[PDB]
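*Asks:* Input: one structure, supplied below.
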């Protein structure tokens with residue numbers, strides 16, 4: 001499972017650092033990243049990073065959000081700056097990997113509210 | 001040869017690096033005594049890698065480890081003349097046919113899960129295999145693995161497998177992943193005795209008859225099934241983790257025979273009393289949400305607990321929860337609790353779910369300065385206590401249960417206006433200081 005730390009209410013133009021740690025059960029992580037849900041909208045990718053070092057951005061938060069990863073301790077950090085009020089959403093963690101020998105390309109977190 | 005390595009390097013334009021013992025995400029090479037290439041990793045080299053490197057690959061006859069994981073390849077026909085391999089990584093590609101994987105007489109490790117395979121006949125002549133990853137595929141039958149002996153780790157999970165009988169012929173395994181399939185009978189899994197981890201997740205299993213035969217298991221994942229009797233698990237006490245999530249079970253007395261169990265998810269069942277969980281003093285995580293249970297007093301003797309999920313249950317009195325001190329998460333929402341006094345001693349709490357109950361006074365939860373999550377939605381709260389604004393949290397009126405947040409929804413907030421309490425913590429503080437003045 002993925003545990004997320006962060007979120008809250010930030011004034012516009014502020015900053016945030018959403019952390020996401022994968023439990024020791026999750027074994028072989030290739031792609032790990034961040035998604036969002038706005039009220040009355042659909043899930044959409046924010047950022048994805050791979051074990052090799054390939055970054056995929058949403059083309060709407062390009063040059064705005066930064067994704068960083070530690071592979072030793074399987075952790076992703078979303079550093080978010082200059083948050084326009086269209087980002088008032090609930091952010092979710094996406095990962096691919098193996099728990100108890102089973103592989104799914106979509107392991108989700110609980111979600112955390114970011115308000116502006 | 002390093003000349004061959006440089007040829008591959010300029011063909012791919014990727015800096016292959018002299019590295020050590022190969023991994024699935026490796027992008028270099030391994031040398032030997034007289035500088036001979038033996039292990040090569042091509043991680044995410046594009047979809048056209050295999051058809052463009054096979055001539056250099058066959059040029060050197062000392063290669064024994066190949067990593068082409070996550071390359072998104074569709075044809076593996078070139079992987080035929082490299083008969084000197086020992087380990088092969090082919091995860092996360094669009095591979096459908098494995099017919100070329102027939103001439104590789106020597107192979108000890110094969111990783112193929114992220115693929116689109118449907119027929120595993122071609123790997124019938126792979127004699128000395130020791131590791132097979134075949135999860136998340138479109139396979140429906142497993143005959144050819146019967147001839148495959150000497151297998152220690154097997155992952156056939158995420159397919160349309162219904163018959164599993166040929167696994168009986170395989171008796172050397174240690175970890176078996178058999179999940180997200182259509183399985184009803186586990187009778188073959190009886191003669192196995194070296195197995196330590198068993199993942200029999202979502203399936204139509206309702207009679208765990210042969211698992212008594214197993215004795216060295218430490219992890220047993222059995223969730224989203226139709227099981228009702230867990231007496232077979234009473235004999236075995238060696239499992240560090242046994243997960244029994246969504247099911248239809250009413251008795252948990254056979255679990256009381258276990259003592260070294262650490263994490264227990266017991267969710268969405270018809271279990272009535274949790275008294276048998278009165279001797280498992282080593283439990284660190286307990287998930288008991290969504291059940292018809294009444295009394296929490298027998299749980300007053302598990303001081304090693306750290307996570308407790310008791311939500312959506314018929315518990316009213318929380319008092320025999322004050323004994324536990326090393327608790328960090330407490331989800332007991334959708335219950336009928338009234339007062340939250342016998343929690344003021346839970347100094348280590350870090351996340352709470354007290355919503356959808358009949359709670360009027362919040363004042364007692366005041367000394368719990370360590371709370372990083374508190375959720376009291378859908379409760380009949382009338383007055384907001386001082387300490388409610390003394391927590392290191394921001395306030396939200398949303399319907400979402402978010403960590404690091406003080407949350408209310410559907411509450412008859414009379415003295416503090418709902419608009420004031422939805423403005424934020426600073427607004428709540430200014431309103432209360434004005435009331436003080």
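When we count neighbours, we look across all protein chains shown, and the Cβ atoms used for this are built from the backbone with ideal geometry, even at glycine. Computed from the coordinates by the stated procedures, all read-outs in this text should not be read as laboratory data.
*Asks:* For a label point 7 angstrom out from the Cα of residue B:228 toward its Cβ, which stretches of region B:284-302 have the backbone nitrogen within less than 20 Å?
*Replies:* Only B:291-293 pass the distance filter.
*Asks:* Oh, and also: Which value in nm describes the separation of the simple spin-label points at residue B:75 and residue B:109, placed 7 Å from the Cα toward the beta carbon?
*Replies:* Here the answer is 3.0 nm between the modelled labels.
*Asks:* Also, quick follow-up: Can you give the angle from 0 to 90° between the axis of helix B:2-12 and the longest principal axis of chain B, with both taken from C-alpha atoms, to the nearest 10?
*Replies:* The helix B:2-12 is inclined about 60 degrees to chain B.
*Asks:* Nearest 0.05, what FRET efficiency do residue B:300 and residue B:386 give at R0 = 30 Å with Cβ-Cβ as r?
*Replies:* My answer for the efficiency is 0.50.
*Asks:* Measuring from a point 7 Å past the Cα of residue B:62 along Cα-to-C-beta, which residues in region B:23-50 have an amide N at less than 20 Å?
*Replies:* Answer for this model: B:23, B:27-42.
*Asks:* With the crude spin-label approximation of a point 7 Å out along Cα→Cβ, what separation in nm comes out for residue A:110 versus residue B:257?
*Replies:* My value for the distance between the label points is 3.5 nm.
*Asks:* Which angle between 0 and 90 degrees, to the nearest 10, do you get for helix B:50-59 versus the longest principal axis of chain B when only C-alpha atoms count?
*Replies:* It works out to around 50 degrees.
*Asks:* What nm value, rounded to one decimal, do you get for the distance between residue B:429 and residue B:97 when each label is placed 7 Å out toward the C-beta?
*Replies:* Using points 7 Å along Cα→Cβ, the separation is 7.0 nm.
*Asks:* Something else now. Angle between the Cα long axis of helix B:425-436 and the longest principal axis of chain B, 0 to 90 degrees, nearest 10?
*Replies:* Orientation of helix B:425-436: about 10 degrees from the principal axis.
*Asks:* Using just the alpha carbons, could you tell me how many Å³ per residue the convex hull of the protein assembly as shown encloses? All intermediate terms of the calculation are to be shown ahead of the outcome.
*Replies:* Working: hull volume 87.0 nm³, N = 553.
Looking at the protein assembly as shown, the number lands at 157 Å³ per residue.
*Asks:* Can you give me the Rg/Rh ratio for region B:316-437, using Cα atoms for both radii and the Kirkwood formula for Rh?
*Replies:* Ratio of gyration radius to Kirkwood radius for region B:316-437: 0.94.
*Asks:* Taking beta carbons within 10 Å but only from partner chains, what does the mean come to for residues A:109-115? Working shown, then result.
*Replies:* Details: counts 0, 4, 4, 5, 10, 1, 6.
The mean count of partner-chain Cβ atoms within 10 Å per residue comes to 4.
*Asks:* Could you work out the mean count of beta carbons from other protein chains within 10 Å of each residue's beta carbon in A:88-100?
*Replies:* Details: counts 0, 0, 3, 1, 0, 0, 0, 0, 3, 0, 8, 5, 16.
Mean shielding count: 3.
*Asks:* Quick check: from the Cα gyration tensor, does chain A come out rounded (a/c under 1.5), prolate or oblate?
*Replies:* In terms of gyration-tensor shape, prolate.
*Asks:* Just check region B:1-57 against the gyration tensor rule for me: Cα atoms, a ≥ b ≥ c as the square roots of the eigenvalues, rounded for a/c under 1.5, and otherwise prolate or oblate depending on whether a/b exceeds b/c.
*Replies:* Taking the square roots of the gyration eigenvalues as a ≥ b ≥ c, region B:1-57 is oblate.
*Asks:* Roughly speaking, what is the stretch gain from residue B:273 to residue B:235, that is 0.36 nm per residue apart minus the C-alpha to C-alpha distance, in nm to one decimal?
*Replies:* On the way: separation 38, 0.36 × 38 = 13.68 nm, distance 2.09 nm.
So the chain would gain 11.6 nm between residue B:273 and residue B:235.
*Asks:* Over all residues in B:175-186, what is the mean tally of Cβ atoms on other chains that come within 10 Å of each residue's Cβ? Let's see the in-between values first.
*Replies:* Working: counts 2, 2, 6, 2, 4, 3, 1, 0, 0, 0, 0, 0.
Mean inter-chain Cβ contacts per residue within 10 Å come to 2.
*Asks:* Just the Cα atoms of chain B: what Rg and Dmax do they give in Å?
*Replies:* Final numbers for Rg and Dmax: 28.7, 88 Å.
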